Amino acid sequence: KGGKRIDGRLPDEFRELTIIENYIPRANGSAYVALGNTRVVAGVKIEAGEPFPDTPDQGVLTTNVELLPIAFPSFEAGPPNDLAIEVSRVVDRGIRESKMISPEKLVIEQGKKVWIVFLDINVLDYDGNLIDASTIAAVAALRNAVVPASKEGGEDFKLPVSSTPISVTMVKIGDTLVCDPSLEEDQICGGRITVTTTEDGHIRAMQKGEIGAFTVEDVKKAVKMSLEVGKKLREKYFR
Amino acid sequence: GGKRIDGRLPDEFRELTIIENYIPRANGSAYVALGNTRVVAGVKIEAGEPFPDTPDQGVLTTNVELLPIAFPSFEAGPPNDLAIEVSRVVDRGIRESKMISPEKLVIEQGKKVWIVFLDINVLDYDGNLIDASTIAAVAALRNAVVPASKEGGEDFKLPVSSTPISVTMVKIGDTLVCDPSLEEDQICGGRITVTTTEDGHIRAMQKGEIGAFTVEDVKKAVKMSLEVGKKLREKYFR
Amino acid sequence: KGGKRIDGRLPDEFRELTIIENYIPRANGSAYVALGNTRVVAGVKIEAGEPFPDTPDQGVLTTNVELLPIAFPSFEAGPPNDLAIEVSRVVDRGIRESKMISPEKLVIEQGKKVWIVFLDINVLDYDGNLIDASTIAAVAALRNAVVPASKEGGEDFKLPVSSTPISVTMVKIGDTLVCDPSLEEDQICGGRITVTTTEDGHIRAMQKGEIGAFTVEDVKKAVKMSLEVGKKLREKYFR
Amino acid sequence: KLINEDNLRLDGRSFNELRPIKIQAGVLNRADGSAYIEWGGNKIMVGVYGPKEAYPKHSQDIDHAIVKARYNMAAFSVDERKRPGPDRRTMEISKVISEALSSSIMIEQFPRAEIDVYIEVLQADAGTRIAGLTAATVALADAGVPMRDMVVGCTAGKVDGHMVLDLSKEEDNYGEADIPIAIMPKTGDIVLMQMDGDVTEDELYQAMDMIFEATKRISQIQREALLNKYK
Amino acid sequence: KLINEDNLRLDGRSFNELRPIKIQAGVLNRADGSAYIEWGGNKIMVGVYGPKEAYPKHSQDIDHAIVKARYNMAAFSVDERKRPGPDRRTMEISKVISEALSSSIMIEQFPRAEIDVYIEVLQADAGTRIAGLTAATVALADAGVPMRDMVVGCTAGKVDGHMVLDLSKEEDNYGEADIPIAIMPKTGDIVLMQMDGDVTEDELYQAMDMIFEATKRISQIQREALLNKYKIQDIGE
Amino acid sequence: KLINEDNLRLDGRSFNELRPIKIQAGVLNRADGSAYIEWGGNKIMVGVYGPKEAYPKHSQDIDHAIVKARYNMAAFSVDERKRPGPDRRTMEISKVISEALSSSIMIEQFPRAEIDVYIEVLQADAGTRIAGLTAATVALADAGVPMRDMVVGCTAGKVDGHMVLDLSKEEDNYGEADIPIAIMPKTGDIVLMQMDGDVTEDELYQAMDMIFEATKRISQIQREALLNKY
Amino acid sequence: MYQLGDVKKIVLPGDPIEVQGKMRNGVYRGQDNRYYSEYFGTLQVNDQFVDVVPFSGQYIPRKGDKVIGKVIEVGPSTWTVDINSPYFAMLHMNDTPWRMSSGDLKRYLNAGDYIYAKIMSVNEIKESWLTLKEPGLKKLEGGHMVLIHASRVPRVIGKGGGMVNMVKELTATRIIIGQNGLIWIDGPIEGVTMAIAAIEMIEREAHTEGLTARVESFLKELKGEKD
Amino acid sequence: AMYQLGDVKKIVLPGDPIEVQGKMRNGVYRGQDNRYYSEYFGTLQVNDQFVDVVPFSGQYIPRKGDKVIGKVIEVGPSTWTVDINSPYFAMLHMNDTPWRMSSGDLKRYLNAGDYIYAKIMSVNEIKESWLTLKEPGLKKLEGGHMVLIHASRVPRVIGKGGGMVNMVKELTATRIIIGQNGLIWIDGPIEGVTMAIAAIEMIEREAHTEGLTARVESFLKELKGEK
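Chains as they are written, first to last, in PDB author numbering: chain E, 22 to 260; chain B, 23 to 260; chain F, 22 to 260; chain C, 10 to 240; chain A, 10 to 246; chain D, 10 to 239; chain G, 1 to 227; chain I, 0 to 226.
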């Protein structure tokens, strides 16, 4: 009614965030993220491995997002992997295409050994908007970079972080587009759109999800909002 | 009644259309439609490690996919038993006919050989998958094209030393017919497949489905399979 | 009850055992064992392979117990794998922790070739107490040692067997602890305990299974009974 | 290493030029509706089964029908032999296509029903997922499945600073962006939209109009593929 | 490198000579019907359970019963250790034995029913697929499963231009052909037939005739194994 | 090669010293009951759903409920990245915990029901399986699942001839024995007990007494956990 | 812009329908309050109604049709019958000639038995209720089931049923044809082959005159050619 | 020909020819040559006029009148499905119970997994059994221990007039219910159940001795005296 969503949030406001870097210390880098009552923990494990034969002078980054049955009553009924896989690919597309990692500097022995960066995100608690929460957690975990070069001689250095991709997922309540949808709003309307943006104002990844269609105006407003709440977010938690 | 449910006589096949090099991004490929049964075979040849027992020989691996696009009832059933039987039956015909000559597929004796992947996707099921897969399989191996330029060497034609033609037969009433349509495939339980090469030899046989055959029936199936195998070889595999 | 079970057996008595070495003559070692009406046959397959990177100077032993659907009517209804896995781990545990194999003597070229000991146990008939039946079969089969060293040059020798671990399963019928339960006794009482012992009086392995509890005294009685009946079993068949 | 020489792409097309596109509908015999498409190197078969009630009643859904599209790639369909069966990539495609098709199919007309769409890509060039969606609407009108529109779509992206249309395999792997979009031509509503790479707000809005104007050239093919059945 | 010197096989048999065969029925305790077979090096256990009214989704096919024969190989049963569980070969054998048995089991007498035949080969020599079916009919008769006949069969093949019977593992691997066949003895009807390799029309018929002759001797080993279990004494076989 | 020089363990503890243990209850939002536990290097999240009716009725068991505890390890929880999903080890752990939990849960009060216990290890030191079970009872009481007792347990084992308590990952891999035990504190009844390695009867009883002494202190840490939350 | 005197212009899904009359099956109202085609099909106009018949199948059942169906599920009081339609049809125990108590439905009809029934009603969601009480409706036991396109059923029966009856005597077989395209055939082991062979000839070639005369000649030749 | 006896005309295998005059009954099938052949491995028992083949098997055939113990496997809206250890599950209608329930209330009285002592009301041709609980003494079984034995040894375990089964009860201090299907319900003290089991297994295994009563009574007294 009063310009506000089902909660006090305005159309461009996210829920409360809590980011806890180095939550799993025995990993090379890690981050716990709470977005309202959505809770995930991302973990990065860096290991020396063989690069792909086609790109021999580049390290590898593989992403995997686990929808643990603890996170929702309905989980393991289904559990449809379709949602859990989709989030892995969107989160990985945003991280990959933002060139956040800079994977040419992850070469140990050209064409034989590179640094493989496993990014695994375990969802512990589900309250809507898994895509944005997962991306935040992944970003934060990649900033505790700590690549173990000491096992390969060398020198422990910080995995290079070249950008800050912030993904924003948006849904259409009535005639108004809102962002960071809660679990009520995520089911209230069919159709979401996620837009991942870097601090240079570039769009790095997009993904329309769920059943439903969006006008061209909606898409224009979603790109504009994602850049605008994406800028606000970048300064507040990733200074 | 002296003729089948269609115009076909007991030894007549359905219309065949063979298309070589249907998948040009495959090393060898062939689309076959046998009536309304449609499959496309695709051969992908790659360098790999040989089996430890035979380090001076190439590998031939066969797989036949019964895609759910191919029949409404698929996932009712769909029995995986059937898809696997056809892969083993088809592979048996190619292997035992010595079509491939897998000794010439050696790159570095005991380290690197040529792996010949024969993958047959079934797109439309109207009976007799076995013969249709063999026809697609035989033809696809005749676009031989082994990529020896990737291992230095020189791209040569994968040796094909024989032309096995598999023939599947059922007994409708008191008459044995071959190439059963789906309708005839269900009108009588029990089919028999006999694969023959051009030397008059029998290279592979297989009794399938529930049902029995008399000793004479198996004797008629062999005579008919050799005979219609000869017609087929001269018409499409000269 | 008054010193007898449902059969004539006393609380510390096993069923009739028949152990048959070299039952599968085409394997490196084999043994068929019947414990009452529980029948399993273990088979040992020895092959050259690469050792684990952490232990490059040790051979490998991998154990597996198949509860074949042939062995029980309700088998493949379920089939709950939980029971089949537990037995494979528990059986493995006795053999491994007793150090029966001496897996350092199975090294061909240090860090490149060792001997892989496949110990596979098929259950054909289930009449209770799989653990003890599997262990007897496993131990006996390892004693047709026959490692094919002529295939790596060398000389076919007898795989070294350094101890004789005997596993004993116990349940509480009423107020008395009995061992080697039949299938009927296995269902009259929730709660079983396995204690694997060596001829030196050492305990190599223990496992409490099934739903139910045992008091400390019960655990104390079972250790003594397993040691004692394990000594009896060792002398009769494993001279 | 670079993609264009004369404002000419490696394959010789201008910036907004489509690859060759063929569509024949009704090629399959068993399927209720079918459509074969050739889009560049892409050869894709689509067959459509349904609508029917689900048996057993467990998977049933009382509001509307269920669109179950399955995208599968043949083992000989990609550069190196791929293991048959779905993977993380084909599962993400089958979902995204199922969601778009659910938006044009009049899903409320068959409650508790299921609609199977089997997309078998037999040889794959780039942008493969859209040729199957383009063929899915052709197979669906062949099957009598009610739709409020015929979904159609095309790719765009950034290559050497220029926004191009219908990227080729080379342009996809080494170019700067890929934007697959599928729309409902009547309304312009987007029912499928993904995006990879690096693009400014301006270039994305440029890319969209390019796709939007390619949809008219594509829809004509679809409409001509069903129109050849009678004649 | 050759299999014969004096028209004698590596193991000493004439051409149409069987390897040693044993069958004991009713050896398993839990199974409704059971049979053990030793055929040369083959050691195979068979268990039969059923018929029952089943349960699972679209398994309530109303015409007849379902013969779910499952052929499984122990990990220690073959030359090199094999991974436990079924594979592509064991699933092909499981079908072909199920098809054969569905022709002798009087399958119409139990509609909506299910019949399990678990065939567990503990040690394999060649021709394993026949040895299990041959024991399966015994296990089905031991269980009171109605049958119209006792399916029995034998292997044959070409070794160095000669047609021989009951091929050995060495004769299977290095021979020219292998032909496993199973029949219904009353009628001579073939329910199971495969063939691998290279053979002429004449040689194939000669190999068929050899298998039919062997089924006479194999049928008798099956019968006596049933007779033996609950005593024999006085005559009437 | 050896774990001790001055009768001091690699981390400085005496023989019968527990590693530090924390437990916080009610930390999940969706789960009916929850518990976070920190036990030395171990970080384990436990969530409880249920008791509710089973669907489909096929898996239904009709005397009592079924305790389905599922033990999963996060991919980043162990030394090297491990592929997500259960394996032979985690299935065995899920069973042995499901069984122990069944002895304290009043299972008969909910026939045909299911009780889900999800144990998600985010970071694993040794003895993981007791750590989840000890946290599991807290979640169960946090969810109102009736119990007749609060299960608690601890590890012990032999390292260089000395019997030690709550072994670390290093002492577990290279020590001589490992004995995980879980009990019902009212009665002292053992609901979970395993044993690996080489030990004499005398040492085995010594190890048990040491474990029983530690559970008094751990059970209080469980009590506190539930206390604060309300 | 286009369109003929009476059959207008063949449409595609979403083509706008700017024609006066009562919109009926195949036309939906867009968000712009215009009407658009739901199907790929033919726009059919009569003085009162505007439709788009599609070039499709998926036979819809309408009240009165006599159909063959396979029973798929046996309920406590009802049978679920697949009538080759998007929805399964229901046969209540009270629409049968059998006196049964609830749960005894398995004594009379089990799943998979084929029945020749009549459509009692079709609700808005196209769910059908069946009956077997009228004369001639019965369980079908034995024989061979054949499926043809439901649009080909009226020609195979023929005017007044002449064609279908004519075959029966020529084929020495009993044949029952359901409006959903399922055809029940049971005769001798041979006559089933001719009856099938005739139906496919009739299905494929339905549009020619003298269709009666071919089938008679075709069937007479098939009897002679082995003799 | 072959050897035959004077009233039990020789042992037979599946497919053995049966050259005896009389009305062929269960166990015999007619082959394609119009001769009769044995369906089972068993004895060619030939009674007056009728000619059966009894087999050497188990799989208890339930016939009308037998009192059986069964486990409820499914709760329907109007019937319970009960497994009676027979090739087909048996049905218990709600109207064949002494309980007043409305339809759908079946779970208040009998759930799945529950054991019942009922009587076989009827056996149709397919061996499908209908049950009842209305007669006195038939009831739901709560608590206790269930034992399975071969049904062919049940008649000796019950004994003439129920002597054996009663005699055990007092020595064993337990309540015991025996089904004709081989299921026996036992519930006593935690001890009493143990003796009762030990006795039945001796009776089933040693069901040939004439002095069975004696041993079983003494064996129970010996287990009794030893406490």
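Think of the CB as a built atom: it goes at the ideal place given N, C-alpha and C, for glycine as much as any other residue.
Give the single residue among A:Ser43, A:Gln203, A:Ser112, A:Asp88 whose Cα lies nearest to the Cα of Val76 of chain A. Within the fifth sequence, residue 76 of chain A is the residue found at index 67, counting from 1. Residue A:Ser112 holds the alpha-carbon nearest to the alpha-carbon of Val76 of chain A among A:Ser43, A:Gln203, A:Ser112, A:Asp88.
Is any beta-carbon of chain E found at less than 9 angstroms from that of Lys66 of chain D? Along the sixth sequence, one-based indexing puts residue 66 of chain D at 57. It does not; no Cβ of chain E falls within 9 angstroms.
In the stretch 87 to 118 of chain G, which residues sit with their C-beta less than 9 angstroms from some C-beta in chain I, listed in chain order? Answer set for the stretch 87 to 118 of chain G: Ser101, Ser102, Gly103, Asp104, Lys106, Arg107.
Counting only C-beta atoms, is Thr224 of chain C closer than 9 angstroms to chain G at any point? By one-based count along the fourth sequence, residue 224 of chain C stands at place 215. Not closer than 9 angstroms to any Cβ of chain G, the Cβ of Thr224 of chain C fails to qualify, so no.
CB-CB length for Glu185 of chain D against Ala122 of chain D, believed under 8 angstroms: In the sixth sequence, residue 185 of chain D corresponds to position 176, counting from 1. In the sixth sequence, residue 122 of chain D corresponds to position 113, counting from 1. Contact flag wrong, Cβ pair sits at about 43 angstroms.
Going by beta carbon distance, what residues of the same chain come within less than 7 angstroms of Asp20 of chain C, once the five residues before and after it are set aside? Sequence index remark: in the fourth sequence, residue 20 of chain C carries index 11 (1-based). Taking C-beta separations shorter than 7 angstroms and ignoring five residues to either side along the sequence, the partners of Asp20 of chain C in its chain run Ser177, following chain order.
Chain-order list of residues whose beta-carbon lies under 6 angstroms from that of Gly30 of chain I (same chain, five-residue window excluded): Start at 1 with the first residue of the eighth sequence, and residue 30 of chain I comes out as number 31. If we look at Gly30 of chain I and ignore the five residues flanking it on each side, its Cβ neighbours are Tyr36.
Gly222 of chain F touches chain D at which residues, Cβ-Cβ below 9 angstroms? As a first step, residue 222 of chain F is located in the third sequence; it is residue number 201 there, counting from the start. Per Cβ cutoff of 9 angstroms: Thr209, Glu210.
Contacting positions in the stretch 197 to 208 of chain D - beta carbon closer than 7 angstroms to chain F: The stretch 197 to 208 of chain D vs chain F, Cβ under 7 angstroms: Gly197, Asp198, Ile199, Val200, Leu201, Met202, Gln203, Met204, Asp205, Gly206, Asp207, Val208.
I'd like to know if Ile220 of chain D contacts chain I, where contact means its C-beta is closer than 9 angstroms to some C-beta of that chain. Taking the first residue of the sixth sequence as 1, we reach residue 220 of chain D at position 211. Not one chain I Cβ lies under 9 angstroms of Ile220 of chain D.
What does a CB cutoff of less than 7 angstroms around residue 241 of chain D pick up in its chain, not counting 5 residues either side in sequence? Nothing can be reported for residue 241 of chain D, as the shown portion of chain D is limited to 10 through 239.
So which of B:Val160, B:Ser51, B:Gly50, B:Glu231 has the shortest CA-CA distance to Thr215 of chain B? As a first step, residue 215 of chain B must be located in the second sequence, where it is residue number 193. Looking at the Cα atoms, B:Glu231 is the closest of the given residues.
Straight-line Cα distance separating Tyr214 of chain D from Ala162 of chain F: Locating residue 162 of chain F in the third sequence gives position 141, counting from the first residue. Locating residue 214 of chain D in the sixth sequence gives position 205, counting from the first residue. Roughly 33 angstroms between the two C-alpha positions.
Report the residue from F:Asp78, F:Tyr147, F:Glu42 whose alpha carbon sits nearest the alpha carbon of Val135 of chain F. Here residue 135 of chain F corresponds to residue number 114 of the third sequence, with the count starting at 1. Comparing Cα-Cα distances from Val135 of chain F to each of F:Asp78, F:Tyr147, F:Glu42, the minimum goes to F:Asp78.
Beta-bridge partners of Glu42 of chain F, as assigned by DSSP: Here the question's residue 42 of chain F lines up with position 21 in the third sequence. Per DSSP, the beta-bridge partners of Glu42 of chain F are F:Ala52.
For the stretch 108 to 122 of chain B, enumerate the residues whose C-beta is nearer than 9 angstroms to any C-beta of chain A, in chain order. So the close ones are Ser109, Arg110, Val111, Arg114, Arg117, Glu118, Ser119, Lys120.
Contacts that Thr171 of chain I makes with chain F (C-beta to C-beta distance below 8 angstroms): Position 172 of the eighth sequence holds residue 171 of chain I. Correct list: empty, because the minimum Cβ distance to chain F is about 11 angstroms.
Please name the residues in the stretch 54 to 67 of chain I whose beta-carbon is closer than 9 angstroms to at least one beta-carbon of chain A, in chain order. Answer in chain order: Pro54, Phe55, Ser56, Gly57, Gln58.
Does the distance from the C-beta atom of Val130 of chain C to that of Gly141 of chain C stay below 9 angstroms? Numbered from 1 along the fourth sequence, position 121 holds the residue referred to as residue 130 of chain C. Numbered from 1 along the fourth sequence, position 132 holds the residue referred to as residue 141 of chain C. Yes, Cβ-Cβ distance for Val130 of chain C and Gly141 of chain C is below 9 angstroms.
Alpha carbon to alpha carbon, how far is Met227 of chain B from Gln203 of chain A? Give it in angstroms, no decimals. Reading the fifth sequence from its first residue, position 194 is the one you call residue 203 of chain A. Reading the second sequence from its first residue, position 205 is the one you call residue 227 of chain B. If I take the Cα positions, the gap works out to 5 angstroms.
Kindly list, in the order they appear in chain J, the residues whose Cβ is closer than 9 angstroms to that of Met193 of chain C. Among the chains of the structure shown, chain J does not appear; the protein chains present are E, B, F, C, A, D, G and I.
If we ignore side chains and look at the alpha-carbon of each, how far apart do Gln231 of chain D and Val36 of chain D end up? As a position in the sixth sequence, residue 231 of chain D is number 222, starting the count at 1. As a position in the sixth sequence, residue 36 of chain D is number 27, starting the count at 1. Linking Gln231 of chain D to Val36 of chain D through their CA atoms gives a straight-line distance of about 15 angstroms.
Can you give the Cα-Cα distance for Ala165 of chain C and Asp175 of chain C, rounded to whole angstroms? The residue you call residue 165 of chain C lines up with position 156 of the fourth sequence. The residue you call residue 175 of chain C lines up with position 166 of the fourth sequence. Between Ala165 of chain C and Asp175 of chain C, the alpha-carbon positions lie close to 5 angstroms from each other.
Taking the alpha-carbon of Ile30 of chain D as reference, which of D:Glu180, D:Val173, D:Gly162 has the nearest alpha-carbon? Indexing the sixth sequence from 1 puts residue 30 of chain D at position 21. The residue with the shortest Cα to Cα distance from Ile30 of chain D is D:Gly162.
Kindly list, in the order they appear in chain G, the residues whose Cβ is closer than 9 angstroms to that of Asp158 of chain C. Taking the first residue of the fourth sequence as position 1, residue 158 of chain C is located at position 149. Using a Cβ-Cβ cut-off of 9 angstroms, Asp158 of chain C is close to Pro13, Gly14, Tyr36 of chain G, given in chain order.
Exposure of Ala150 of chain D, with buried meaning 16 or more beta-carbon neighbours within 10 Å: Residue numbering aside, residue 150 of chain D sits at position 141 when the sixth sequence is read from its first letter. Looking at its Cβ environment, which holds 16 or more other Cβ atoms inside 10 Å, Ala150 of chain D is buried.
Span of the beta strand (DSSP E) holding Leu140 of chain I? Mapped onto the eighth sequence, residue 140 of chain I falls at position 141. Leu140 of chain I: member of the beta strand (DSSP E) spanning 138 to 140, first to last residue.
What span of residues does the alpha helix (DSSP H) with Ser121 of chain I cover, start to end? Here the question's residue 121 of chain I lines up with position 122 in the eighth sequence. Looking at the DSSP string, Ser121 of chain I is not in any alpha helix (DSSP H); the run it does join, the beta strand (DSSP E), is 114 to 122.
If you run the structure through DSSP and keep just helix, strand and coil, what is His223 of chain F? Position 202 of the third sequence, counted from the start, is the residue given in the question as residue 223 of chain F. Three-state DSSP puts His223 of chain F in coil, outside helix and strand.
Report back the beta-carbon spacing between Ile119 of chain I and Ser128 of chain I to the nearest angstrom; my notes put them in contact at under 8 angstroms. Taking the eighth sequence and counting its residues from 1, one reaches residue 119 of chain I at position 120. Taking the eighth sequence and counting its residues from 1, one reaches residue 128 of chain I at position 129. Between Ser128 of chain I and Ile119 of chain I the Cβ distance is about 5 angstroms, and since that is below 8 angstroms, they are a contact.
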